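Remarks on the structure that follows.
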Amino acid sequence: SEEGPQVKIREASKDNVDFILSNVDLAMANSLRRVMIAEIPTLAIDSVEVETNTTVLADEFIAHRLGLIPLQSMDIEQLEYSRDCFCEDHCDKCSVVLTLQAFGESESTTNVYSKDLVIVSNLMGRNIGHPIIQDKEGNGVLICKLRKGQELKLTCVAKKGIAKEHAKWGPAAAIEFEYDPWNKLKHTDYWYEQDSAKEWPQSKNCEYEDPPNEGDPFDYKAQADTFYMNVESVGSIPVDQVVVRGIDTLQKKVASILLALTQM
Amino acid sequence: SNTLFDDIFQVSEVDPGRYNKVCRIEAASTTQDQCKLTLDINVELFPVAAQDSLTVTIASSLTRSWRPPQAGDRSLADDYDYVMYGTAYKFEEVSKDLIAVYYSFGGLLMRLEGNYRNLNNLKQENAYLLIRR
Amino acid sequence: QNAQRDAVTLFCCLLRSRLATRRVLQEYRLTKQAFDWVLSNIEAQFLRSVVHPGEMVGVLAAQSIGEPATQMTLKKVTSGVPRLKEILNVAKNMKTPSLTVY
Amino acid sequence: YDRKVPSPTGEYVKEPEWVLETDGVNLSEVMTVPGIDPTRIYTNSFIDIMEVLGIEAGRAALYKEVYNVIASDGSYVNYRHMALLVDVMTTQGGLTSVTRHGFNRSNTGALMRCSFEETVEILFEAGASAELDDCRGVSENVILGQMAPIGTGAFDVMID
Amino acid sequence: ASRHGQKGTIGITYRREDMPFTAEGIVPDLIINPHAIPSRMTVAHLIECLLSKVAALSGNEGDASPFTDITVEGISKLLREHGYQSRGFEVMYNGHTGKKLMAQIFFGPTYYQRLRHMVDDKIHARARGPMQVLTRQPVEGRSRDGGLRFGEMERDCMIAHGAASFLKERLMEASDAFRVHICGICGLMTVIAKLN
Amino acid sequence: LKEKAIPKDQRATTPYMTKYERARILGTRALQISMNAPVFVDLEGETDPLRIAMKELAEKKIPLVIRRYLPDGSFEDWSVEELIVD
Amino acid sequence: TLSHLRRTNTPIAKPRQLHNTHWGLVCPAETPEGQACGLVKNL
Amino acid sequence: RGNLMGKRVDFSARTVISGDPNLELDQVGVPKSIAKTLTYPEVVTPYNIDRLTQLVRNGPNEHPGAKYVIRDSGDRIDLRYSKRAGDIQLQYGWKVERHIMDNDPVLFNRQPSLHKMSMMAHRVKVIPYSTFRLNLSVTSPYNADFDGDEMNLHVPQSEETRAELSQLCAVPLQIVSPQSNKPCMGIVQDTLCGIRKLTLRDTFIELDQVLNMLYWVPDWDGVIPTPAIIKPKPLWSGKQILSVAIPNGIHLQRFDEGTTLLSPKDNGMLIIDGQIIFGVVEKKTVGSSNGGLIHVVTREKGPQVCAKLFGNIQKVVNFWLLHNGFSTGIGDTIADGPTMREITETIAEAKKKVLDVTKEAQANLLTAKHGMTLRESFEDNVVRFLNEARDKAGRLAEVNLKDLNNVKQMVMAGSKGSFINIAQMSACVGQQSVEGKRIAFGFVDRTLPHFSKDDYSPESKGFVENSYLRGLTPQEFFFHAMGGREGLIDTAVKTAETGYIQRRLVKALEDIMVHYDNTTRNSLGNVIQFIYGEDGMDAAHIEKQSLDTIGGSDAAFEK
Amino acid sequence: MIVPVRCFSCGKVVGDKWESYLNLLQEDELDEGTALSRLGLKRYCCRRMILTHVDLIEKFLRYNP
Amino acid sequence: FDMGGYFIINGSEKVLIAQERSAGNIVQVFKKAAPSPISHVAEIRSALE
Amino acid sequence: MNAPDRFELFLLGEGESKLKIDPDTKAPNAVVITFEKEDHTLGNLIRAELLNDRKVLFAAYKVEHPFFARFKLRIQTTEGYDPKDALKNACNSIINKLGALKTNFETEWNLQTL
Amino acid sequence: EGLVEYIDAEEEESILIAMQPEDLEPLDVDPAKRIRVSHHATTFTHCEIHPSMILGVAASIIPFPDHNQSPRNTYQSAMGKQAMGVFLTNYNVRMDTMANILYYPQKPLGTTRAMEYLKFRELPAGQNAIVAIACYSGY
RNA sequence: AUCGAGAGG
Ligand SMILES: Nc1ncnc2c1ncn2[C@@H]1O[C@H](COP(=O)(O)CP(=O)(O)OP(=O)(O)O)[C@@H](O)[C@H]1O
Ligand SMILES: [Mg+2]
Ligand SMILES: [Zn+2]
Ligand SMILES: [Zn+2]
Ligand SMILES: [Zn+2]
């Protein structure tokens, strides 16, 4: 297709994507996964006011719990950072307000799942704030447990942020990364007990590259060209957009330098 | 700024002295029975087989920052397939009308022993090395 | 002046031995300009090496013995800190007296 | 014992010799014995050597033992430091030890003496004999918070 | 600390993207220096990473009870059954660059204990604060926002340097300086003081 | 008791300035410099009183003399400009 | 909490060293280090 | 002893310490809240006042600020709450108690203070965390470890006082130590482990790594070195780029027991004028040693270049080690199966020796050695018999450890390790000792109630055949713990006894200073020595050098 | 004292899986290893978040107020 | 999970540390000091149960 | 307590320009750029793409402290080649490769059926 | 029923104890196992319940203390009394002067068999952190 | 403020 880096997708799913980068300089592959982890923005709870807390847990405990809750950030580009808006504290174009209240009416253990979050903000028709639920029963994240006679009443303001400021805005869980399966460019020196090949197992990516010939010498001038990556997303952003918005966030960082140079 | 030495050597001994990408080489000048040579060789770049014959050269040139090949516009000063740069740290007077020279190519060591090159290989930083097929 | 000659006697022995006439010309190959500089350096560098009046050499000495003793922690004789406690608290009742006879 | 000795050619060579290691010490009557060299006999009891061979011979005996504990651990200390300590014990004609009654009974100022041990009693007898402390010691000026004659404080500063 | 005398404070917090990573994307929660191992010979710490690594993968408990016939070889047979290198080594990549690490890293889970010593409970600073009444010196302890002890041991060290004015400064201006009057006939502090 | 000094001839103490009189000199200068005393070198933009005294010392324009007392009570005055600095 | 309840104090002839007779009765290692080590033992 | 010769002081601080590889040697990492709390009186002047008005304007809330202003009248102005904190007219002669700021002299100390090297001046470097950052290679003189240790800090209050720190007590000045006439600070434990890995002849560096490695040196002159390897690929040895940190005019000569000018094992060290010729760098070259690199640079170039030298080596080698990486696993303790079979053979071979010599003593056929009991002679043999088994098993393992073994690599560079640790970890921990002897019969004629009486076997008396890798038996564990307890008592005793010894020496020689003529005297003036050290030198400016006249034949002398 | 939301190392959310994890052990009579594998915790850093977890909250609920 | 074994004085939980003493009413023999005039001693510490 | 606010890792402070530029002393056509509020994401990609240019002589970056998010980048190029232009070609080459990557991924993703 | 006795330190001297019940019984052997000294006694009166009981409560927590140096086990036993964890379930009710509770404690992946009677799995004092041994930076 | 304990390196 287009000249430059190539992508051949091995596998894909709702929250997993497995693909092969081709004709890419290594620094781009690393710089991609760094921004893909901790600079692609996403909305998650960054403020909490607790009316009543009769639970075992402390409020700040419950507050930290709410921070790591997966909230939808598909249309997060249409939302704005609270520090950027002109509101007094938080407007409806920068903040999404959630409410949560549950009482132990049942004469048994009453849980507080993530589905019990209720949105009290004008959404303005964007796919924002809906808490992610992959739980089969639809409950989602188990936040807290309640006895009889216990209740919890709090309000959650969900703002927009970057995972560098706090890991709760993390859009992706874990990116798999292996570029040389046979170590044919000798970038790592193997630790061996009897035989390096017999102790260390074959990587799964070894099936997708050419086995070396020890009779041939070491290709000195060769460089890393083909990369094997697998991205996993928690759900706040679908997998395709995790990498894509990660690519785009990289461009926006580069252009700011290009723009700043024009200013000088 | 021309060549300081030229000869052909046949290797007598090659050993991996507790190294994996470097061997120590032991050769003597062919068509000569009083001049021999020791040198450290990066085997991974140039595999040196036993009982091989290799053309060897030394130049005074061909300070200032080393720049990359630059599209090869600057033509190489070598039709050879192996090159190194170092410094002579001492010249040894084995006997009268006999001499041996010690070279260090960034830790890779060389010992060239002979007689004839008396008016050559002065105490100077520049020491290039060539090896042909 | 004799205290001066006594205080430098060992160093001059090193000086004459290394700056011997056969050694300078056959081993060092020193030229007149080079030789005078070596003479220049030695005089100053020696004069720099002389101790400075006012230095509290005792407290330095006491500490200089103190730190290694603190590191001391572990053919049968009194050794280490117990022996050191003897030497300082001069011990009539030496735990391990011995006489080396030649 | 191993030993290096001058060979007739001049270089040193290993010249082994038999040596008698002892348990127990009475030096006065073992050096006056035939078949031994009374110029090389030695004790690890420097206090006997001080009694028999004079105080200055005990000095080198004192150093060699102090040296032995350091080098047995493998450590190195320069000669001047141990020798300073040694000569301090030796200079008073005897083996003035580093303890509350060994050295701390000198003619030094009482404030200098009262800071180590037996504090109150030193000042008592100092008030009894009415000794005049010259405040030339460091501890006297540390007590008084004055610039002690220490390096920077060893001299005065004046103008043209 | 771990359960084997492996004390140690945090020197830096690195973000996950700065942290080195395995091929499976797993990242370390914590990094210990390898030099702490040889001198202290805490081999049980080394074995704990091995057994705990197999326990998480296997979904079974790890039996580190003493005086058992539990061998590192038997564990390594299990771990290599689960695809990882038998001796706990794992290929790791640099986080800053993505270039492979020349040294394969010993990687695994290990029980670690957050110890009772936090820093902000120990931080203490003072500049001319409260003073005791009798000594006229600064009060003792950080709890009362007191002063640090410039002890005799430290006084010796300043003498070794020769810093005479500093030694006086710590001993006069830093604490309990005072002005007294003395009579020239009887050199005692019994002068009638009518200063103004 | 009085005038127990020694003239410049028959001065026996070290001509080289010890680090202990230097640090006292540099500190004593930087102290009075800190209190708006005159500066006698054309400073090259340096504003640290200690940095002044160091460069003010290299030009030897410091009107101070070192009274080096001796254990008998005698003493030798040594001018800073004649004192050596290595 | 458990370790404080199984604790032993010994006032003030080589007590601090782990004794042979301590086999099975006292923990060989659980004892506060530094000052007054070995006098204080845990069962 | 506690309120006059030592006392509480103002302008002091204390905080948990940790080390920064990207920090200079003479600096100190001071937290902001410490910098906010500590203050230095700086009298106003025409060239500082433009800085001071802004400092007062900042206020003590945020740094660089100030907390107080002292008018000429005498009354103190408090900036935390005052009506005139916003508008101030700084008259000349006024004092401003400004915040502690960057590159100021402070006294950095760690108790216990047995050293001048334990209270050294430092350059203030305000940092955004509440830990005392210090350079990684200033551990040894303080004996600081980042396992929880805390340190102290003091702040001068006058110009002369500031000078004494920078001109007498500075870290660069104490780099050479009068104690042991050698340096006290060296490259330790990562730079040391890495500089050996870096300097290997097998270690080669590609261009991209070199340019970053080259830039990391702060004093790089922009001179790209001509690569050691050319046309097949432009490569650099670790020796190549590492020599860029070494200043010109440095000359190093060292041969060690296997060393020609050719050095087939790359032993020894040859360095010519800011470039190294051959030899792996290790602790002898770059540690606190007599003929070490630090001793040379401090002597010729000076303390400043030597103080800068530390950081330049650190920043390069920490960088290369960061991207090369280093670890230590548990597979590094395992030896060959065939090696293990030889190990247990070596143990059982010494076991039969013990049994046989025991039989010799049982039949009263043992010749009594002179001066000792037959039993003492019996114990003496078996102690030596088992130590040889422990030592032979360790060297039988140390031979088996390949070059890649990371435990061996730390030993080979001398970073942290010894041969004995290898023996105990892999082959056999050895024989326990209580009070100089084997484990005694605490129980009646037996060490433990699982042995029959009058058992003098290796196991019964406290020999541990197994290794830490192999694992100790129940009895071995109690014996091993029995030996360990004495080590803890000995450690508590040695620390306690030595602290007394040090104080006694200090209070005895506290008045001894070299007077203006080199007469070593006390307060009264009693001549300890007539020349300090009998030559009048300072121990720092002193190096061990050979006098070739002493040795050698009378014939070789003549020629 | 309650099921952590996400793994500290991966960051993958794990709070939804605790209730399901327990039902797999008791209702299905499974073992712990296959339970974590059924839930999708394929990396061991995630596994030790739930396998090692001790749900102390049930003890806290027993207190009456 | 509280195991007990403590007292509650002024609301602060106090523990009695087990105290160690050499047993009473048993006979022991001690080799006394070489400079001591007596060379041996047999001690029993007598106290009623 | 003393820790900085965690937004300082990307938010430019008061008067802190994103790029500061300074000439290298004792070096021809050599300049160093003080990137602010940036980590190894930018430095490594600029440097490794600069190295692909054949008219550039030197390119390397360093984080003088992992505390602060900032790094220094120095470049040296041929005479008649301002490093600003060498920087710009690398950046534009990066964005073109990234934009080419984005389109190829979307093509392969939309092809993929799940 | 007379199947277990209470042995004093003094009564210990008159008896013979067996370490393992495999010591009362009548080549190919695993090389990796520890070297058990073959028992050389027959007059056994008692057998040890399990040698693990020589250690206290805190030393029981240490995993593989047999494979560790003796001082280290002493050090840890002092630090486990400083390790933050849930000290009691009624921590919210009591009003202790100081209390420190871990957010998400977890049982260790390597457990002594003696832990179950200390309720350590039920009341842990640390977390199974993912630990790497490496020199990444110089921190 | 006196004494007391447990802990830090
Ligand atoms: N030759 C050596 N040089 C420097 N450190 C060494 C060393 N040998 C061992 N070490 C390290 O120093 C440590 C000593 O610490 P410990 O034995 O636990 C008591 P400490 O922490 O040193 O207290 P202390 O500093 O007051 O003496 C050893 O554990 C080891 O890691
Ligand atoms: Mg420490
Ligand atoms: Zn808004
Ligand atoms: Zn009067
Ligand atoms: Zn995870």
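Ligands are numbered from 1 in the order shown, chains are lettered A, B, ... in the order of the structure tokens, and residues start at 1 in each chain.
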Output as a PyMOL selection string the set of chain A residues within 10 Å of chain K, with distances taken over only C-alpha atoms.
chain A and resi 1-14+17+19+21-35+39+161-162+164-166+240-241+243-248+250-258+260-261+263-264
Distance filter 9 Å, only C-alpha atoms, chain B against chain K, as a PyMOL selection string:
chain B and resi 65-71
So that I have them on file, write out the residues from the current selection with C-alpha atoms, as a PDB file, in the first residue's frame.
```
ATOM      1  CA  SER B  65      36.189  14.432  13.865  1.00  0.00           C
ATOM      2  CA  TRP B  66      35.578  11.153  12.046  1.00  0.00           C
ATOM      3  CA  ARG B  67      32.660  11.519   9.668  1.00  0.00           C
ATOM      4  CA  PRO B  68      30.714   8.590   8.153  1.00  0.00           C
ATOM      5  CA  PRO B  69      31.418   7.354   4.592  1.00  0.00           C
ATOM      6  CA  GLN B  70      29.277  10.241   3.227  1.00  0.00           C
ATOM      7  CA  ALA B  71      27.724   8.434   0.251  1.00  0.00           C
TER       8      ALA B  71
END
```
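Interatomic distance, atom CA of residue 532 of chain H to atom CA of residue 81 of chain D: 9.5 Å.
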DSSP alpha helix (DSSP H) residues within chain G, as a PyMOL selection string:
chain G and resi 2-5
Could the residues in this selection be saved with N, CA, C and O atoms as a PDB file, in the first residue's frame?
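Result written to again.pdb:
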```
ATOM      1  N   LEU G   2       2.259 -11.511  68.111  1.00  0.00           N
ATOM      2  CA  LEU G   2       2.572 -12.864  68.565  1.00  0.00           C
ATOM      3  C   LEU G   2       3.965 -12.937  69.174  1.00  0.00           C
ATOM      4  O   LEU G   2       4.162 -13.551  70.228  1.00  0.00           O
ATOM      5  N   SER G   3       4.946 -12.303  68.527  1.00  0.00           N
ATOM      6  CA  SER G   3       6.329 -12.416  68.973  1.00  0.00           C
ATOM      7  C   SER G   3       6.562 -11.722  70.308  1.00  0.00           C
ATOM      8  O   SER G   3       7.458 -12.121  71.058  1.00  0.00           O
ATOM      9  N   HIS G   4       5.788 -10.680  70.620  1.00  0.00           N
ATOM     10  CA  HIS G   4       5.974 -10.009  71.902  1.00  0.00           C
ATOM     11  C   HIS G   4       5.471 -10.861  73.060  1.00  0.00           C
ATOM     12  O   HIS G   4       6.002 -10.769  74.172  1.00  0.00           O
ATOM     13  N   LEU G   5       4.460 -11.696  72.822  1.00  0.00           N
ATOM     14  CA  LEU G   5       3.919 -12.526  73.892  1.00  0.00           C
ATOM     15  C   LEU G   5       4.823 -13.708  74.221  1.00  0.00           C
ATOM     16  O   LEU G   5       4.863 -14.148  75.376  1.00  0.00           O
TER      17      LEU G   5
END
```
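Residues of chain G carrying a DSSP assignment of strand (DSSP E or B), computed from the backbone, are residues 7, 8, 9, 37, 40, 41 and 42 of chain G.
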Can you tell me which residues surround segment 174-179 of chain H at a distance of at most 7 Å, considering only C-alpha atoms (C1' of nucleotides), apart from same-chain residues fewer than 3 positions away, and format the answer as a count of residues only?
13
Within 12 Å of chain H, which residues of chain K show up when using only C-alpha atoms, listed as a ChimeraX atom specification?
/K:1-6,8,24-32,43-44,47-52,57-68,71-76
Would you compute the distance between atom CA of residue 184 of chain A and atom CA of residue 200 of chain A? Give it in Å to one decimal.
15.0 Å
Just want the residues within 9 Å of ligand 4, written as a list in words, counting only C-alpha atoms (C1' of nucleotides) and all ligand atoms.
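Answer in the requested format: residues 182, 183, 184, 185, 186, 187, 188, 189, 190 and 191 of chain E.
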Kindly save the residues from that selection, with N, CA and C atoms included, as a PDB file, in the first residue's frame.
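File written: out-v3.pdb
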```pdb
ATOM      1  N   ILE E 182      32.946  40.222  84.143  1.00  0.00           N
ATOM      2  CA  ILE E 182      33.902  39.660  85.090  1.00  0.00           C
ATOM      3  C   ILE E 182      34.675  40.791  85.753  1.00  0.00           C
ATOM      4  N   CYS E 183      34.988  40.615  87.031  1.00  0.00           N
ATOM      5  CA  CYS E 183      35.775  41.593  87.761  1.00  0.00           C
ATOM      6  C   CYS E 183      37.262  41.293  87.618  1.00  0.00           C
ATOM      7  N   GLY E 184      38.064  42.362  87.580  1.00  0.00           N
ATOM      8  CA  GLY E 184      39.501  42.225  87.410  1.00  0.00           C
ATOM      9  C   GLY E 184      40.245  41.817  88.664  1.00  0.00           C
ATOM     10  N   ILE E 185      39.670  42.074  89.840  1.00  0.00           N
ATOM     11  CA  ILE E 185      40.306  41.667  91.089  1.00  0.00           C
ATOM     12  C   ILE E 185      39.985  40.210  91.394  1.00  0.00           C
ATOM     13  N   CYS E 186      38.702  39.895  91.553  1.00  0.00           N
ATOM     14  CA  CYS E 186      38.233  38.515  91.616  1.00  0.00           C
ATOM     15  C   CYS E 186      37.644  38.174  90.247  1.00  0.00           C
ATOM     16  N   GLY E 187      38.280  37.237  89.547  1.00  0.00           N
ATOM     17  CA  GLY E 187      37.887  36.918  88.189  1.00  0.00           C
ATOM     18  C   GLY E 187      36.635  36.070  88.101  1.00  0.00           C
ATOM     19  N   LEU E 188      35.565  36.513  88.753  1.00  0.00           N
ATOM     20  CA  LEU E 188      34.326  35.756  88.831  1.00  0.00           C
ATOM     21  C   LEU E 188      33.179  36.559  88.233  1.00  0.00           C
ATOM     22  N   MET E 189      32.062  35.868  88.021  1.00  0.00           N
ATOM     23  CA  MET E 189      30.870  36.467  87.424  1.00  0.00           C
ATOM     24  C   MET E 189      29.970  37.062  88.509  1.00  0.00           C
ATOM     25  N   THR E 190      30.511  38.060  89.210  1.00  0.00           N
ATOM     26  CA  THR E 190      29.771  38.728  90.274  1.00  0.00           C
ATOM     27  C   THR E 190      29.802  40.240  90.088  1.00  0.00           C
ATOM     28  N   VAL E 191      29.763  40.700  88.843  1.00  0.00           N
ATOM     29  CA  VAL E 191      29.736  42.129  88.559  1.00  0.00           C
ATOM     30  C   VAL E 191      28.300  42.625  88.638  1.00  0.00           C
TER      31      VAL E 191
END
```
For chain E, the nearest of the candidates I:54, I:29, I:59, I:10, counting only C-alpha atoms:
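So, comparing all the options, the nearest one is I:10.
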Taking only C-alpha atoms (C1' of nucleotides) into account, report as number ranges by chain which residues of chain J lie within 12 Å of chain M.
J: 14-15, 17
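Coordinates place atom CA of residue 110 of chain B at a distance of 11.0 Å from atom CA of residue 90 of chain B.
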Residues within 6 Å of ligand 5 (only C-alpha atoms (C1' of nucleotides) and all ligand atoms), as a PyMOL selection string?
chain I and resi 7+9-12+45-46
Restricted to C-alpha atoms, what would the selected residues look like written as a compact mmCIF listing (two decimals), in the first residue's frame?
```
# COMPACT_ATOMS: atom_id res chain seq x y z
CA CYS I 7 -2.99 -5.31 38.35
CA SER I 9 2.12 -4.35 36.82
CA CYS I 10 -0.13 -4.96 33.80
CA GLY I 11 -2.85 -2.47 34.63
CA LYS I 12 -5.48 -4.89 33.32
CA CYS I 45 1.79 -10.62 37.05
CA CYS I 46 -2.01 -10.48 36.88
```
Under the rule of at most 8 Å, produce a per-residue listing of chain B near chain A: chain, number, name, the closest pair of atoms, and the distance in Å, as a Markdown table, using only C-alpha atoms.
```
| residue | atom | partner | partner_atom | distance |
| --- | --- | --- | --- | --- |
| B:44 | CA | A:218 | CA | 6.1 |
| B:45 | CA | A:220 | CA | 6.7 |
| B:47 | CA | A:217 | CA | 7.8 |
```
So that I have them on file, write out the residues from the current selection with C-alpha atoms, as a PDB file, in the first residue's frame.
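Final output, saved to out39.pdb:
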```pdb
ATOM      1  CA  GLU B  44      32.908 -11.934  13.553  1.00  0.00           C
ATOM      2  CA  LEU B  45      33.681  -9.253  10.965  1.00  0.00           C
ATOM      3  CA  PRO B  47      36.561 -14.960   9.933  1.00  0.00           C
TER       4      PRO B  47
END
```
What residues have any atom no more than 10 Å from ligand 2 when counting only C-alpha atoms (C1' of nucleotides) and all ligand atoms, and can you list them as a PDB file with C-alpha atoms (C1' of nucleotides), in the first residue's frame?
```pdb
ATOM      1  CA  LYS E   7      16.789  -3.719  53.519  1.00  0.00           C
ATOM      2  CA  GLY E   8      16.665  -0.677  51.277  1.00  0.00           C
TER       3      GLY E   8
ATOM      4  CA  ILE H  17      19.891   9.460  52.095  1.00  0.00           C
ATOM      5  CA  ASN H 143      30.625   4.425  55.204  1.00  0.00           C
ATOM      6  CA  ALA H 144      27.098   5.174  53.991  1.00  0.00           C
ATOM      7  CA  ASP H 145      24.741   2.514  52.653  1.00  0.00           C
ATOM      8  CA  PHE H 146      21.290   3.197  51.208  1.00  0.00           C
ATOM      9  CA  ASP H 147      19.681   0.555  53.408  1.00  0.00           C
ATOM     10  CA  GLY H 148      18.006   3.106  55.682  1.00  0.00           C
ATOM     11  CA  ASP H 149      20.966   5.197  56.811  1.00  0.00           C
ATOM     12  CA  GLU H 150      20.412   8.856  57.682  1.00  0.00           C
TER      13      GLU H 150
ATOM     14  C1'   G M   9      21.983   2.667  60.947  1.00  0.00           C
TER      15        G M   9
END
```
Would you list the residues that come within 10 Å of ligand 1? Count only C-alpha atoms (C1' of nucleotides) and all ligand atoms and give the answer as JSON, numbers by chain.
{"C": [70, 71], "E": [5, 6, 7, 35, 36, 37, 38, 39, 40, 41], "G": [34], "H": [111, 112, 139, 140, 142, 143, 144, 145, 146, 147, 148, 149, 188, 189, 414, 415, 416, 417, 418, 487, 488, 491, 492, 494, 495], "L": [71, 72, 75], "M": [9]}
As a VMD selection string, please: every protein or nucleic acid residue near ligand 3 (cut-off 6 Å, counting only C-alpha atoms (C1' of nucleotides) and all ligand atoms).
chain A and resid 82 85 to 87 90 to 94
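Around segment 6-9 of chain F, within 8 Å and counting only C-alpha atoms (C1' of nucleotides), the residues found are residues 74, 75 and 76 of chain F, once anything fewer than 3 positions away on its own chain is removed.
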Compile a residue-level contact table for chain L against chain H at a cut-off of 6 Å, reporting for every qualifying residue the shortest atom pair and its distance in Å to one decimal, with only C-alpha atoms counted, rows ordered by chain and ascending number, as JSON lines.
```
{"residue": "L:16", "atom": "CA", "partner": "H:449", "partner_atom": "CA", "distance": 5.7}
{"residue": "L:17", "atom": "CA", "partner": "H:450", "partner_atom": "CA", "distance": 4.8}
{"residue": "L:18", "atom": "CA", "partner": "H:450", "partner_atom": "CA", "distance": 5.9}
{"residue": "L:34", "atom": "CA", "partner": "H:470", "partner_atom": "CA", "distance": 5.0}
{"residue": "L:66", "atom": "CA", "partner": "H:472", "partner_atom": "CA", "distance": 5.2}
{"residue": "L:67", "atom": "CA", "partner": "H:468", "partner_atom": "CA", "distance": 4.5}
{"residue": "L:70", "atom": "CA", "partner": "H:481", "partner_atom": "CA", "distance": 5.0}
{"residue": "L:71", "atom": "CA", "partner": "H:484", "partner_atom": "CA", "distance": 5.4}
{"residue": "L:133", "atom": "CA", "partner": "H:327", "partner_atom": "CA", "distance": 5.6}
{"residue": "L:134", "atom": "CA", "partner": "H:327", "partner_atom": "CA", "distance": 4.4}
{"residue": "L:135", "atom": "CA", "partner": "H:326", "partner_atom": "CA", "distance": 5.7}
{"residue": "L:136", "atom": "CA", "partner": "H:322", "partner_atom": "CA", "distance": 5.0}
{"residue": "L:137", "atom": "CA", "partner": "H:322", "partner_atom": "CA", "distance": 5.8}
{"residue": "L:138", "atom": "CA", "partner": "H:21", "partner_atom": "CA", "distance": 5.0}
{"residue": "L:139", "atom": "CA", "partner": "H:20", "partner_atom": "CA", "distance": 6.0}
```
Taking only C-alpha atoms into account, what are the residues of chain E at most 12 Å from chain A, put as number ranges by chain?
E: 14-27, 76-77, 79-106
